[PDB]
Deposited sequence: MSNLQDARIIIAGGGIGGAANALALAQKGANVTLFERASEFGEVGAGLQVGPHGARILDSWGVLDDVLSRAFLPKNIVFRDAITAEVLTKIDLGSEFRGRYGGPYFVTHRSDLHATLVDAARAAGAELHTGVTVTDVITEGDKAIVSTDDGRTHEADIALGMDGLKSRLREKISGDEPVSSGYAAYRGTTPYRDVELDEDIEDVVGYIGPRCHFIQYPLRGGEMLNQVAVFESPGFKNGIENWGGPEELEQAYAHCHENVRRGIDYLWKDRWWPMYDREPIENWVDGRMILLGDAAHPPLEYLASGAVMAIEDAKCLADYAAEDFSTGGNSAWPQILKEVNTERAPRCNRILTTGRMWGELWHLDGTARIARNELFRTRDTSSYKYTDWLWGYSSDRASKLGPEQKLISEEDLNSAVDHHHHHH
């Protein structure tokens, strides 16, 4: 275990909170700096497959999380134009048996608050309203600077400052790559939404998709609309605005079009990712979460990847640190990097392809529809790589 280790975490999102919890459960001294003045996430849904569920259970927080979550029966793909079901992924007991946990959906804010509170309970020292302005390595320590003039010493630091990470600049000059798709969200009271839904339902169509699922044991309905923005292709800086919505879904089924009216219009998420990179480490600093591997939303695994990052790091560290102390941190970081890069980078890359597959038109959509419909649903070859992965060695 990590009793003698000091780790500093720049960033307090799902990633940084998950890592605080994982490490402090191992007895490490953890200090986390979050820029925002309170901890919080959007009060909208996210999806957490069994690859994340499992890990939350090993942390002892899954039951509590499930008590405020929803357990869908299936993932259902529908054609966005005809509303016709193309296929289902069964989330029943064979699925739970094989992957070792439920696929569930919950409020981001609830999941985030659960991890913060459990990190706090495990002994992690968390600080809001504090921006990390620099990390360098000197001798065998990470030196972290904060925007109040202080510097802090630790054995390693974790750069978990998200998609627009400034700590990533130590390792790479790349910029975010726009997919040209904008994402809108909504949460409505179930009853108020205009039949019944017990699943994650994804309507896929040319240049768009529309996702729905219940939350809080059937009481809320989350809705997400993602569409290709004409404005991005014409050079607009603040592209994807709400005026584009109606024209974006005009070709789609009524079920999809009714859905548009429940969305929040005062805020949206233009969708970026980054080209995959191999190396995430700089001396005694490692990038994790969106800072190292920000994906497009299609595999619903960005936050799950950060959760995996946390487990892997804590597991690899607790194994190696017991015997070689502070001196072993760089080898540990490297080994975490080697395990995590291939896995996460395939998600980045396959996520782009999967997304493109949702958005086909013309003859390509006919082929796509028929491919989904005629598949062997007992086979797990499209999904084992994603849901069946573990970092255990």
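Subject >> Stretches of the record's deposited sequence for which the structure holds no C-alpha atoms >> reply: Residues missing from the model, as numbered along the full deposited sequence, span 1 to 2, 197 to 198, 398 to 424.
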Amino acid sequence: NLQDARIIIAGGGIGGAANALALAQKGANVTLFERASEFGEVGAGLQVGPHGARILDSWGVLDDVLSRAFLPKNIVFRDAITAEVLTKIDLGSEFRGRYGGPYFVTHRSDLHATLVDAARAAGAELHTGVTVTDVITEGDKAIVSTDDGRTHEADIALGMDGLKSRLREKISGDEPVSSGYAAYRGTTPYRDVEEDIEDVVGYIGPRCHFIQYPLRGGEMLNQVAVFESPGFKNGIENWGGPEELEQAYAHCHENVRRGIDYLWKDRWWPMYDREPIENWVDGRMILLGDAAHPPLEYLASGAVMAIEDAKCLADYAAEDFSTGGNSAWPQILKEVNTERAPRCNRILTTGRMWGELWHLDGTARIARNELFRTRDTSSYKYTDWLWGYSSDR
From here on, numbers count along this sequence of modelled residues.
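Subject >> Stretch with the greater mean C-alpha B-factor as recorded in the entry, comparing 331 to 339 against 61 to 69 >> reply: Looking at the recorded C-alpha B-factors, 61 to 69 comes out higher on average.
Original post:
In the PDB record, does 301 to 309 or 135 to 143 carry the higher mean Cα temperature factor?
Top reply: According to the entry, 135 to 143 carries the higher average C-alpha B-factor.
**OP:** Report the option among 362, 50, 324, 351 whose CA atom has the maximum B-factor in the deposited record.
**Re:** Going by the entry's C-alpha B-factors, 324 comes out highest.
**OP:** Just grab whichever of 80, 115, 245, 288 has the top CA B-factor as deposited.
**Re:** In the PDB entry, the greatest C-alpha B-factor among 80, 115, 245, 288 is found at 245.
**OP:** Just say lowest, middle or highest third for the CA B-factor of residue 45 relative to the other modelled residues in its chain.
**Re:** Middle third by C-alpha B-factor.
Original post:
Taking the C-alpha B-factors as the PDB entry records them, is residue 345 in the lowest, middle or highest third of its chain?
Top reply: Its C-alpha B-factor belongs to the lowest third of this chain's values.
**OP:** Taking the chain's C-alpha temperature factors as the reference, tell me which third residue 5 falls into: lowest, middle or highest.
**Re:** Within its chain, residue 5 is a highest-third residue by C-alpha B-factor, going by the deposited values.
Subject >> Third assignment of residue 159 from its chain's C-alpha B-factors >> reply: It belongs to the lowest third of the chain when residues are ordered by C-alpha B-factor.
**OP:** Report the third (lowest, middle or highest) to which the CA temperature factor of residue 187 belongs, ranking only the modelled residues of the same chain.
**Re:** For residue 187, whose C-alpha B-factor we compare with every modelled residue in the chain, the answer is the highest third.
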